[PDB]
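K.L.:
In the authors' numbering, the protein residues as written are 14 to 271.
Please see the structure below; I have some questions.
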Amino acid sequence: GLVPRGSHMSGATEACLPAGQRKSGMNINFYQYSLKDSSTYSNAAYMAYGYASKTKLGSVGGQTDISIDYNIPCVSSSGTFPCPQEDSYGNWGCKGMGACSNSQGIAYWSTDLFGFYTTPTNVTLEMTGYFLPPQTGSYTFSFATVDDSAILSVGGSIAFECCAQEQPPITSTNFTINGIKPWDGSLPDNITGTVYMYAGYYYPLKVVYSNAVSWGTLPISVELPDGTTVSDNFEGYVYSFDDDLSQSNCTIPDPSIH
Ligand SMILES: OC[C@H]1O[C@H](O[C@H]2[C@@H](O)[C@H](O)[C@@H](CO)O[C@@H]2O)[C@@H](O)[C@@H](O)[C@@H]1O
Ligand SMILES: [Ca+2]
Ligand SMILES: [Ca+2]
Ligand SMILES: [Cl-]
Ligand code: NA
Ligand code: NA
């Protein structure tokens, strides 16, 4: 046939072609989240957009290394050092450091999250940008684990609106990865999600992540169509554009026939 038929029942993911100046990396916004609040982050509305109704703490731009690996301090006999969670023991010590005198249950201040000084123990963050596939095919995004709650969304009208990266969050709960902390306990059902992407189109990407206490962990990866995996460092794949709500042609509803 002269032309491709298109994905069935307009099933292609919406993408974008922003015409402005591209910037490397994602924007990270930080919002207040209460220490030891084990319920707010279990609501889909909160993780999709309600986080932005809490106080905005600040932001950092241009971030390409997007995984989270926050370790609380151990105040030890030889000084204060971050403790890998698997090395914590007893009530409590950190392997190779002895007993720790400090509480696992208080807020801690650090620049560990993207250089931004905040409380990684208790915070919500929103990562936004556009994913640029170099290859047409199936991409599988993953979280290796989630501590405490997280979502990943891909696509125009799902992550955010084309050419409108900096706007308040949209209300879609059609997450690509639903890593929301269950009300009962541990292990959302599925922490991978696959998206079919066409090379050279910009796909809106949003990650919302929350920690309520102590350790924070979100190892982000993507499996490319060629079978290789990109983990943590998304340089060359993720970009930002300043809003341009005037760019009439920015939205590509069906990259399968554009
Ligand atoms: O899954 C909840 C929480 O579990 C673990 O935190 C422990 C401790 O560090 C906290 O102070 C108390 C607060 O009541 O909870 C647990 O005993 C960690 O895996 C933590 O990261 C996680 O959020
Ligand atoms: Ca829309
Ligand atoms: Ca935690
Ligand atoms: Cl020890
Ligand atoms: Na860790
Ligand atoms: Na430390």
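Each residue gets a CB set at the ideal place from its N, CA and C atoms; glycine is no exception.
According to the neighbour-count rule (16 or more other Cβ atoms, all chains shown, within 10 Å of its Cβ), is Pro97 buried or exposed?
P.N.:
exposed
K.L.:
For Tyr54, which residues of its own chain have a beta-carbon under 8 Å away from its beta-carbon, when the five flanking residues on both sides are left out?
P.N.:
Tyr46, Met60, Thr137, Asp161, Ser162, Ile193, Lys194, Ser223 and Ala225
K.L.:
Rank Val243, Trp105, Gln260 and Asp256 by C-alpha distance to the C-alpha of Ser80 and give the top, closest one.
P.N.:
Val243
K.L.:
Which residues count as close to ligand 3 when the rule is a CB under 7 Å from any of its heavy atoms, in chain order?
P.N.:
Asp160, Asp161, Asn224, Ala225, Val226, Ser227, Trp228 and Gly229
K.L.:
Between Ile171 and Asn187, is the Cβ-Cβ spacing less than 8 Å?
P.N.:
yes
K.L.:
When burial is assigned at 16 or more other CB atoms within 10 Å of the CB, is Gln34 buried or exposed?
P.N.:
Under this definition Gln34 is an exposed residue.
K.L.:
Is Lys49 a contact residue of ligand 1, with contact defined as CB to any heavy atom under 7 Å?
P.N.:
For ligand 1, at least one heavy atom lies less than 7 Å from the Cβ of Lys49.
K.L.:
Return yes when the C-beta of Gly106 is under 7 Å from any heavy atom of ligand 4, and no when it is not.
P.N.:
yes
K.L.:
Report yes if the CB atom of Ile85 is closer than 8 Å to the CB atom of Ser155, and no otherwise.
P.N.:
no
K.L.:
Are the beta-carbon atoms of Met210 and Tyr152 separated by less than 8 Å?
P.N.:
yes
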